[PDB]
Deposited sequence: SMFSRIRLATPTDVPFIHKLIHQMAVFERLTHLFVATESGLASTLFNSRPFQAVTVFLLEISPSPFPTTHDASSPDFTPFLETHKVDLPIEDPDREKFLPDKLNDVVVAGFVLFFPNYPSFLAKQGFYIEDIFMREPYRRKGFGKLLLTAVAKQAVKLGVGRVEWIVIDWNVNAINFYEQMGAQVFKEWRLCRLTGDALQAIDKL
């Protein structure tokens, strides 16, 4: 079984939408998932890779590039080819101010359930890491939910530090409107 990581293009938007949806299902947060394909197509491709939101897709094939998967049909970039989008990583430049240099923040990293535990998640993170080194990025950060001990273990095995002392803060759209009237 062969694998490839490639950059997302505008025609990949349906797959990206569905992957983010599956992330929301995994996190039990579907009520927060308001993304549309329209919104993704509007926001994902306004800059060059690495300068803003960037997406890598992991594709799988039983043949070289030129497991029960129930959703296979939803994830074929081309119906005539046995190539299936198995997972993705979505990230963008951040700014660790103590380093006075850009880093990367990983918003999502996700393998569809049938392709878990096969080394593909490692491949995705490796690809972000190697790109970070090449581009002189000094740090990669993301967040994980506390019950998600599977991801935490994965991250820790890949050499990530997972802290207990930092708390996420958020202003929602509604909170922002409220402040805006000041």
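*Asks:* Checking coverage: what stretches of the deposited chain sequence are missing C-alpha positions?
*Replies:* In the chain as deposited, 1, 68-89 carry no coordinates.
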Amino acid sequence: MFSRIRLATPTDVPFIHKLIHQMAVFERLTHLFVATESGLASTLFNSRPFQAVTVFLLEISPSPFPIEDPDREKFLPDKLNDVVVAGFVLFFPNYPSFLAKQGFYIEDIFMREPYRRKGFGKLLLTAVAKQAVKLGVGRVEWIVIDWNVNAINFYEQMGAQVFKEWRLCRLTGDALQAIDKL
From here on, numbers count along this sequence of modelled residues.
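*Asks:* Mean C-alpha B factor from the entry: is it higher for 67-75 or for 80-88?
*Replies:* The stretch with the larger average C-alpha B-factor is 67-75.
*Asks:* Of the three thirds of its chain by CA temperature factor, lowest, middle or highest, which one includes residue 37?
*Replies:* Middle third - that is where residue 37 ends up once the chain's C-alpha B-factors are sorted.
*Asks:* Per the entry's values, where does residue 136 land by CA temperature factor relative to the rest of its chain, in the lowest, middle or highest third?
*Replies:* Highest third - that is where residue 136 ends up once the chain's C-alpha B-factors are sorted.
*Asks:* Going by the CA temperature factor in the PDB record, which third of the chain does residue 62 belong to: lowest, middle or highest?
*Replies:* According to the entry, residue 62 has a C-alpha B-factor in the chain's lowest third.
*Asks:* C-alpha B factor of residue 158, ranked within the chain: lowest, middle or highest third?
*Replies:* It belongs to the highest third of the chain when residues are ordered by C-alpha B-factor.
*Asks:* For the chain shown, is the CA B-factor of residue 17 in the lowest, middle or highest third of its modelled residues?
*Replies:* For residue 17, the deposited C-alpha B-factor lands in the middle third.
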